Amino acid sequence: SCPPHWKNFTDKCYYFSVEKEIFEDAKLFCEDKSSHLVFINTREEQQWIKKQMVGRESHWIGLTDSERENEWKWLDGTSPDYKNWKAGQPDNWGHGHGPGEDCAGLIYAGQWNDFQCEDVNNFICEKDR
């Protein structure tokens, strides 16, 4: 069972944030709740996460390429098999995204877009019981 205001799916508790913050601040919020920005590893999970999104706000996910440019990974090191990238992401139609935009976020509709960190957004925290 999950703490209040957290949602359950499978064996994981999810938190859809109310406040918006910088990627690194979002990162630190989940960390101190003993969780981390959400990892999406299956279509079924991705379809569930979307159903939960009532507000149309964009949410940060635990995906970044900051360690090594263009080598997108979940905060646990892993590379995403399953992928739900928007139209020309994350390579930006082959021109390579610009500096700073090394932090991904989910948008209403479900697909992932790579925004620039330091940009403020809502975020999703996740932790496996």
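Note that residue numbering follows the sequence shown and begins at 1.
Peer 1: Tell me which stretch has the larger mean Cα B-factor in this entry, 103-111 or 6-14.
Peer 2: Per the deposited B-factors, the answer is 103-111.
Peer 1: Out of 40-48 and 92-100, which one has CA B-factors that are higher on average in the deposited record?
Peer 2: Mean B over CA atoms: larger for 92-100.
Peer 1: Quick check for you: using the entry's CA B-factors within this chain, is residue 58 in the lowest, middle or highest third?
Peer 2: As the PDB entry reports it, the C-alpha B-factor of residue 58 lands in the middle third of its chain.
Peer 1: Comparing against every modelled residue in the chain, figure out the third that the C-alpha B-factor of residue 75 lands in (lowest, middle or highest).
Peer 2: For residue 75, the deposited C-alpha B-factor lands in the lowest third.
Peer 1: Could you say whether, by C-alpha temperature factor, residue 34 belongs to the lowest, middle or highest third of its chain?
Peer 2: Its C-alpha B-factor belongs to the lowest third of this chain's values.
Peer 1: Grab the CA temperature factor for residue 66 from the record and place it in the lowest, middle or highest third of its chain.
Peer 2: Within its chain, residue 66 is a highest-third residue by C-alpha B-factor, going by the deposited values.
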